[PDB]
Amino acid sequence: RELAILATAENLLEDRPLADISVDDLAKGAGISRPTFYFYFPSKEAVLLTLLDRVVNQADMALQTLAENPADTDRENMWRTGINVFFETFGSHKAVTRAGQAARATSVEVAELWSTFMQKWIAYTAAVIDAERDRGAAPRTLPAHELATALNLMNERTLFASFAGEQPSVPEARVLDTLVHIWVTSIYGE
């Protein structure tokens, strides 16, 4: 029933925003009463928070698997494989991504959830850039953590604008090549 509320909410977010979705709409869809819904979730906001949490953790766990299982290819394809975890994971959950992003303005818990994982992904990127510099593969240019921060923020804004079909945006079919180019040139360039 928890899963049916989550699936119903993800389905309804494809067609319209959270503002335009009611607890009644969510309960109706999961085959339960308004009061039974409130046993599982304090609000329609708490339902989005859970969905965004699953997407963010799915992305995180897939990046952990990648880190532990290095791909055997040139650095450019190694980087593409990694940026692709975020392209595929968030790109398979566009509605939750769109509404998760809006909800950062209004929800302290969503803002904190996003803040914690971005800190984690930036720190991993900084550690990878430092390891590439120690092994002599990348030159010592910007502070690694400041470079990693800007490249992660770029990816957040650029992936999400592509997913939303925003004007302006990189066409979704071109966004992965675009971000890999900028990571590789900015990390390895003198």
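One rule holds for the numbers: they count along the sequence shown, beginning at 1.
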property	result
66-74 versus 117-125 - greater average Cα B-factor per the deposited record	66-74
Between 170-178 and 6-14 (mean CA B-factor, as deposited), the higher	6-14
Out of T50, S43, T158, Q58, highest CA B-factor residue	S43
Third of the chain, ranked by Cα B-factor, where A105 sits	highest
Third of chain Cα B-factors occupied by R140	middle
Ranked C-alpha temperature factor of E146 among modelled chain residues, by third	lowest
Third of the chain's Cα B-factor distribution that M154 belongs to, per the entry	lowest
